[PDB]
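Visitor: A single structure is presented below for examination.
Note that each Cβ is placed from the backbone with ideal geometry, even for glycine, and that neighbours are counted across all protein chains shown. What is reported rests on the model, the rules as stated and the sources as named; no laboratory read-out is quoted.
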Amino acid sequence: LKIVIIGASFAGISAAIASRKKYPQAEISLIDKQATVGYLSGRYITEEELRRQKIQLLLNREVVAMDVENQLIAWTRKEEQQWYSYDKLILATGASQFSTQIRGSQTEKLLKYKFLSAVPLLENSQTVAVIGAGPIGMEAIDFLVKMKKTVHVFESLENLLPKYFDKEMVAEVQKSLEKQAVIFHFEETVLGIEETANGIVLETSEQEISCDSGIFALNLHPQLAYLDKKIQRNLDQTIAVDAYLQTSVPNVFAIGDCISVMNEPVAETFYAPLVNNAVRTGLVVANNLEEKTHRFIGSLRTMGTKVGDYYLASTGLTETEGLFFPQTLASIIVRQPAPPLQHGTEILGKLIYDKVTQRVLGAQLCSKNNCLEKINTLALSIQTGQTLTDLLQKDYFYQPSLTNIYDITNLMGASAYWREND
Amino acid sequence: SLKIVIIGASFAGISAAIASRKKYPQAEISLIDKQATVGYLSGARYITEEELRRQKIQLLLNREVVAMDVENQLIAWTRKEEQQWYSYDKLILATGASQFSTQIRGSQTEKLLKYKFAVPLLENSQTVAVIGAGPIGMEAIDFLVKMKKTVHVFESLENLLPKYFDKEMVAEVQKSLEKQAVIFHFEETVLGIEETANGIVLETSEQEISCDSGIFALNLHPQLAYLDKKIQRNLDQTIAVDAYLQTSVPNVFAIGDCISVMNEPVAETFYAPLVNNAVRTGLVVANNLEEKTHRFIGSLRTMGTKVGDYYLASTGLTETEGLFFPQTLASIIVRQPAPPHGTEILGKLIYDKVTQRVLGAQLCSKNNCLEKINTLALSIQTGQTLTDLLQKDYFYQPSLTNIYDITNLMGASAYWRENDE
Ligand SMILES: Cc1cc2nc3c(=O)[nH]c(=O)nc-3n(C[C@H](O)[C@H](O)[C@H](O)COP(=O)(O)OP(=O)(O)OC[C@H]3O[C@@H](n4cnc5c(N)ncnc54)[C@H](O)[C@@H]3O)c2cc1C
Ligand SMILES: Cc1cc2nc3c(=O)[nH]c(=O)nc-3n(C[C@H](O)[C@H](O)[C@H](O)COP(=O)(O)OP(=O)(O)OC[C@H]3O[C@@H](n4cnc5c(N)ncnc54)[C@H](O)[C@@H]3O)c2cc1C
Ligand code: NA
Ligand code: NA
């Protein structure tokens, strides 16, 4: 069996490794347009580790073409094209193509994040623009605040990390950052950028702002030129796959940032470019290369980070995006002093559930205490179809010096349950 | 005007009271307890009488229930050596763990202390004995080591926290304590205790050990003398209940420590007097006083603690516990350095070899990863397979987690390992 994987990153390396365990005999090739793979960027595994695991790393080769019916792909190394055949093809190409509707976005003064590899332009900057307040955006605001720069943040949605939190859950986080030369512009889109000799002017749907330079923190898209046209694609240009991560054509699969994941209990498609989706989809394709053995469970955009002094975690549907779903969403917020027997710092928890079915659909957490791991529990609760009643009584552990009497996770479900009984 | 009466104003009882109020804003709710005060911890106030009072919860303290009549629905208590009767529409039994019970000869010695019932007897002792290496015993040892006493630990099972960990998982914690004058006697049961003028001698299945005093760290049982003999009970004396927490008689329910809980997947009925079992059964029973609406999920004996520099957590069946079940169980150990190069996180996963259903987990590390046990517990209690655990959602962030969560990894490792075979 010849398993060929295009993309030697999180998704691809996971698929490679997972494939090696399933098929100890199979010939496995990992292809990538880079000099070396194995490290995080802007060193979790060594080429020797892939090698010890009988995985051929064909680097410096950029895939440029495909032939689905003859089952071949073509890469271009040292100016010379070369075709390669496959029995199974796994697309783990990620998303790095910069595609915007911003006029004059090709300014060298507008840094495109992932390509980051601090930098002269930023150090010589006093005021910097950040386009996008998603996870990538907040990371940039963080490093810019450390460098003591003035920051202008542009976000089309209502609040910071909009796809993960509802306004009230991060209102304090924003104020916190506002006291640190961070200036927010929500519900404002960057329409164009004028390059001056010593800076840039962001032309938004509301005004013009001056900055010395800018960081593009919006989600990039999959560079899928090499893609065979017979392969079904989604409107947003991601590759369409079924619950087994197979493309619309025989012997070709796609994982990670290539595809659009699904939040099943609410059967809706969305693009969640996260490391956990990359690792999970990769480990799973490996068991569906010949037979539809294990359905991908889907994604809930589960995330956890730290913005300043605040630990923030999120998973599932936000109440805000509930306007676009059939479920009648309801929510409750719980405040409970941190685990040292309710004496510690406040922990804010929001739970989103279906008001009719009482199924848990989303959760948000904000605190100065690092309780982030609880998001993995809340995520599991939603992913297994629990109701307020189930969450309310799930097992949890108590220890007078380590926890509170009743876990905030269980309490979130109970509080919602009680409120639903008037 | 439903009159709900709750005997026992502790974790279980107070939870039932709170929950009963939520469900019945217009109900008469009485909380009865033989103590003077309520809402204090043990082992500094988690609820004030003023609080329960504000929720219209009739606090009837200094009253000890000594009898009840199921047929006519009444209970009787002794206040100031004068009996009194009280009626109820719904009665919730939430008394706790008090009764001292053991077949040890001479256990009546005054030199053998019962944990929970700076002590003179212990400070005058240089060598103290602890009977039981369960959670209660591990705390006594902790207390004793801090007082710099020499400790002799007796445990019928194979290792410390036997109902929570298999031998290899706590081997380093044992050595850790043995450097602090703790001497362990596993697979050794105390048969009798001889009292001397200045100490005790413990007759064991293997030898005789001298100590100045001893601590009984075995689980105490519910004081159910007042119980109407009409209520069905288990062999260990706990009160039997159906999935909705009702006893075998009309309008009487039992929760917390009076009760035995279940691990449905393996059809195991056991006694696990834990605060989490007390609180959950208390909140659930309040919804089944009339119609059976919500089945109590049961318990996995989920636990988390810290011994020395070690954080230990457990949930479900240990490999050793599994040997007691017909179903064949397997396990795998996973060592993952903590995030970002950090200290080792050691986890063991127990699963059904045939169905690949996750059934138990154990964690040990110098890193506080205990919360991960709540997640593993949810995986088991929810019926996940190794495959489900392998791909469950988890969050990643370079400064806080590893690339692939150890919880997911433990499931994947078992899956892959099973594939090799
Ligand atoms: C600044 C930033 C911060 C982020 N922070 C987080 C975070 O904190 N937590 C989190 O979960 N996620 C985070 N992400 C998202 C995460 O990095 C992605 O979800 C993840 O990289 C996806 O993995 P992948 O393997 O699918 O794609 P990639 O990691 O992009 O790998 C794809 C590989 O394919 C190769 N390739 C592409 N096209 C071709 C071709 N035509 N021919 C040959 N090879 C090709 C590339 O060289 C690349 O190595 C962040 C992203 C950015 C940009
Ligand atoms: C040393 C020690 C350490 C422990 N550590 C932990 C731990 O770390 N984590 C954990 O989860 N659990 C721990 N536990 C167990 C935990 O304390 C119990 O599971 C919990 O207290 C049970 O709650 P309950 O409300 O059912 O009973 P209890 O808390 O025992 O309360 C019963 C109440 O009923 C009253 N009562 C009894 N009889 C009568 C009567 N006849 N009439 C009127 N009132 C009566 C009593 O006054 C008492 O207040 C520990 C126990 C001990 C001894
Ligand atoms: Na909706
Ligand atoms: Na067995």
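Visitor: Any idea how many residues of region B:378-421 are more than 27 Å from the chain's Cα centre (by Cα) and outside any helix (DSSP H, G or I)?
Guide: 16
One line per residue, one yes/no per condition, for (1) within 18 Å of B:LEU376 (Cα to Cα); (2) outside the structural domain of B:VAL307 (by CATH); (3) within 16 Å of ligand 1 (Cβ to nearest atom):
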position	(1), (2), (3)
B:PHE325	no, no, no
B:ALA330	yes, no, no
B:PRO340	no, no, yes
B:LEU346	yes, no, no
B:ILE350	yes, no, no
B:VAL354	no, no, no
B:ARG357	yes, no, no
B:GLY360	yes, no, no
B:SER365	yes, no, no
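Visitor: Here are some residues: B:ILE373, B:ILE345, B:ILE350, B:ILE297. Which one is over 24 Å from the mean Cα position of the chain (by Cα) and either within 16 Å of ligand 3 (Cβ to nearest atom) or of a type outside the set (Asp, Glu) (or both)? Outline the logic, then answer.
Guide: Details: B:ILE373 fails: over 24 Å from the mean Cα position of the chain (by Cα); B:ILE350 fails: over 24 Å from the mean Cα position of the chain (by Cα); B:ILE297 fails: over 24 Å from the mean Cα position of the chain (by Cα).
Only one candidate passes the filter, namely B:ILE345.
Visitor: Return the residue satisfying two criteria in turn: it lies in region B:291-323 and is within 16 Å of ligand 4 (Cβ to nearest atom) and outside any loop (DSSP other than H, G, I, E, B), and of such residues it is farthest from B:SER379 (Cα to Cα).
Guide: B:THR320
Visitor: I've got another one for you. Quick test for you: out of B:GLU194, B:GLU206, B:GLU188, pick the one residue that is exposed (fewer than 14 other Cβ atoms within 10 Å of the Cβ) and touching a strand residue (DSSP E or B) at 6+ places or on another chain (Cβ under 8 Å).
Guide: Values: B:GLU194 fails: exposed (fewer than 14 other Cβ atoms within 10 Å of the Cβ); B:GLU188 fails: exposed (fewer than 14 other Cβ atoms within 10 Å of the Cβ).
Residue meeting the stated conditions: B:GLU206.
Visitor: Can you tell me which residues in region B:152-181 are acidic (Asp, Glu) and within 20 Å of B:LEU349 (Cβ to Cβ)?
Guide: B:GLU158, B:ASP166, B:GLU168, B:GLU172, listed by residue number.
Visitor: Return yes or no: is B:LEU235 of a type outside the set (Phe, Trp, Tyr), surrounded by fewer than 20 Cβ atoms within 10 Å (Cβ to Cβ) and outside the structural domain of B:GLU71 (by CATH)? Working first, answer last.
Guide: Details: of a type outside the set (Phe, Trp, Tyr): yes; surrounded by fewer than 20 Cβ atoms within 10 Å (Cβ to Cβ): yes; outside the structural domain of B:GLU71 (by CATH): no.
No: the conditions fail for B:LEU235.
Visitor: Also, I was wondering about something else. Go through (1) farther than 13 Å from B:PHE165 by Cα; (2) assigned to a strand (DSSP E or B) for B:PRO339 and report which single condition fails.
Guide: Status for B:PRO339: all satisfied but (2).
For (1) away from every other protein chain (no Cβ under 13 Å); (2) within 23 Å of A:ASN421 (Cα to Cα), each residue gets a yes or a no:
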| position | (1), (2) |
| --- | --- |
| B:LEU2 | yes, yes |
| B:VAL5 | yes, yes |
| B:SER20 | no, yes |
| B:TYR24 | no, yes |
| B:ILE32 | yes, no |
| B:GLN35 | yes, no |
| B:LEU41 | no, no |
| B:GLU50 | yes, no |
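Visitor: Between residues in region A:362-391 that are within 20 Å of A:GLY298 (Cα to Cα) and at the interface with another protein chain (Cβ under 8 Å from one of its Cβ atoms) and residues that are crowded, with 21+ Cβ neighbours inside 10 Å and small (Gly, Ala, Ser), which pairs lie under 6 Å by C-beta distance while being six or more apart or on different chains?
Guide: Close Cβ pairs satisfying both conditions: A:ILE375/A:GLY304; A:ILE375/A:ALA313.
Visitor: In this structure, does B:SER176 turn out to be away from ligand 4 (no atom under 16 Å from the Cβ), over 22 Å from the mean Cα position of the chain (by Cα) and more than 14 Å from every other protein chain (Cβ to nearest Cβ)?
Guide: When the stated conditions are applied, B:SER176 passes them.
Visitor: Among the residues of region A:350-370, are any under 27 Å from A:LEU160 (Cβ atoms), in contact with a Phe, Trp or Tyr (Cβ under 7 Å, 6 or more places away or on another chain), among the charged types (D, E, K, R) and surrounded by fewer than 19 Cβ atoms within 10 Å (Cβ to Cβ)?
Guide: Taking every residue of region A:350-370 in turn, at least one turns out to be under 27 Å from A:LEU160 (Cβ atoms), in contact with a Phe, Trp or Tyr (Cβ under 7 Å, 6 or more places away or on another chain), among the charged types (D, E, K, R) and surrounded by fewer than 19 Cβ atoms within 10 Å (Cβ to Cβ).
Visitor: Here is a further query. If the requirement is being out of contact with any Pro (no Cβ under 8 Å at 6 or more places or on another chain) and away from chain A (no Cβ under 12 Å), which of these qualifies: B:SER314, B:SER331?
Guide: Residue meeting the stated conditions: B:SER331.
Visitor: Would you mind finding the one in A:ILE408, A:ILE347 that is of a type outside the set (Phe, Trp, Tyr) and either touching a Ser or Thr at 6+ places or on another chain (Cβ under 6 Å) or within 10 Å of chain B (Cβ to nearest Cβ) (or both)?
Guide: A:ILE347
Visitor: Give the residue that is nearest to ligand 4 (Cβ to nearest atom), with candidates limited to residues of region B:373-386 that are closer than 14 Å to B:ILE350 by Cα and among the hydroxyl-bearing types (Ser, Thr, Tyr). Outline the logic, then answer.
Guide: First pass over region B:373-386, keeping only residues closer than 14 Å to B:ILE350 by Cα: B:373, B:376-377, B:379-381, B:383-386.
This time we only want the ones that are among the hydroxyl-bearing types (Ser, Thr, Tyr), so: B:379, B:385.
Working: B:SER379: 20, B:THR385: 18 Å.
That would be B:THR385.
Visitor: List every residue pair whose Cβ atoms lie under 8 Å apart, where the two residues are 6 or more positions apart in sequence or sit on different chains, the first residue falls within region B:224-236 and is within 14 Å of chain A (Cβ to nearest Cβ) and over 20 Å from B:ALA76 (Cβ atoms), and the second residue, located anywhere, is away from ligand 4 (no atom under 16 Å from the Cβ) and acidic (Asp, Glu).
Guide: Sorted first by the residue in region B:224-236, then by its partner, the list stays empty.
Visitor: Ok, one more. Just to check your reading of the model, which residue among A:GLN81, A:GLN56 is of a type in the set (S, T, N, Q), out of contact with any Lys or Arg (no Cβ under 8 Å at 6 or more places or on another chain) and surrounded by 13 or more Cβ atoms within 10 Å (Cβ to Cβ)?
Guide: The match here is A:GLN56.
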